[PDB]
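Below is one structure, written out as structure tokens, with a few remarks after it.
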Amino acid sequence: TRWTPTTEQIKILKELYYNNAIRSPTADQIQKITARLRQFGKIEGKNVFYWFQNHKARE
Amino acid sequence: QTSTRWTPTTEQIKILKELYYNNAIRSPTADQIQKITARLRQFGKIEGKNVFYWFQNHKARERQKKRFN
DNA sequence: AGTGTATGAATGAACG
DNA sequence: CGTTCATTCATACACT
Ligand SMILES: [Mg+2]
């Protein structure tokens with residue numbers, strides 16, 4: 001059953017994408033972002049990797 | 001229908017994963033690709049480059065997942 | 001409460 | 001090789 005980002009996670013992901021211009025996070029960034037988002041729910045690095053890859057592809 | 005993207009079949013994926021996990025093939029040589037392609041060709045149209053990419057992607061994504069997880 | 005949509009997940013192909 | 005791009009499948013949820 002797939003990951004569904006919370007309100008606070010989506011807000012943080014969009015801030016990283018738009019305010020900090022992170023389009024294709026490095027492996028280092030993915031670990032750090034996942035740890036930050038894990039405060040709000042169960043999440044793994046692949047969820048963050050796909051979120052940015054999908055968001056970039058459909059922007 | 002106009003895409004030339006190879007569509008692996010369930011049996012082809014089954015054999016590829018056997019080769020990857022049982023036989024420890026990670027970056028098959030040109031001759032290994034020749035033999036693997038000829039075997040998989042019994043189940044669908046497939047070319048050596050399809051096999052080359054499958055192993056390259058499988059190896060890279062195994063490492064990539066360990067990396068960012 | 002059936003359906004359409006947004007988007008999570010996957011992967012073949014290819015680039016740097 | 002790690003990374004990026006392109007399509008396509010899968011489905012959680014909102015709508016009417
Ligand atoms: Mg409505």
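Throughout, a chain's letter reflects where its sequence line sits, starting with A, and its residues are numbered from 1.
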Figure out the [atom1]/[atom2] separation between [X] and [N], and round it to whole Å.
| X | N | atom1 | atom2 | result |
| --- | --- | --- | --- | --- |
| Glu59(A) | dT4(D) | CD | P | 17 Å |
| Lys65(B) | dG2(D) | NZ | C1' | 18 Å |
| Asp28(A) | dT3(D) | CG | P | 11 Å |

Under 3.5 Å, side chain of [X] to main-chain N/O of [Y], donor-acceptor pair present?
| X | Y | value |
| --- | --- | --- |
| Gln56(B) | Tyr53(B) | no |
| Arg67(B) | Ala27(A) | no |
| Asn47(A) | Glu44(A) | yes |

Original post:
Can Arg23(A) be said to sit on top of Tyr17(A)'s aromatic six-ring, NZ or CZ under 6.0 Å from centre and within 45° of the ring axis?
Top reply: yes
**OP:** Please indicate the pucker of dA12(D), north or south, going by the torsion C1'-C2'-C3'-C4'.
**Re:** south
Original post:
Closest approach of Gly41(A) and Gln9(A), non-hydrogen atoms and distance?
Top reply: N-NE2, 3.8 Å
**OP:** Verify side chain to side chain contact (heavy atoms under 4.5 Å, CB included) between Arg36(A) and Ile12(A), making sure each step is shown before the conclusion.
**Re:** CA-CA 9 Å; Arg36(A) 181 180 176 188; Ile12(A) 293 168; 3.5 Å; yes
Original post:
Just by protein heavy atoms under 4.0 Å, how would nucleotides 9-16 of chain C read 5' to 3' in B, S and -?
Top reply: BBBBBB--
**OP:** Please check the phosphate of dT4(D) (OP1 and OP2 only) for any side-chain N or O of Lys56(A) closer than 4.0 Å.
**Re:** no
Original post:
If each of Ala27(A) and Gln1(B) is mapped to the nucleotide of DNA chain D with the nearest heavy atom, which maps nearer the 5' terminus, i.e. the 5' end?
Top reply: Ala27(A)
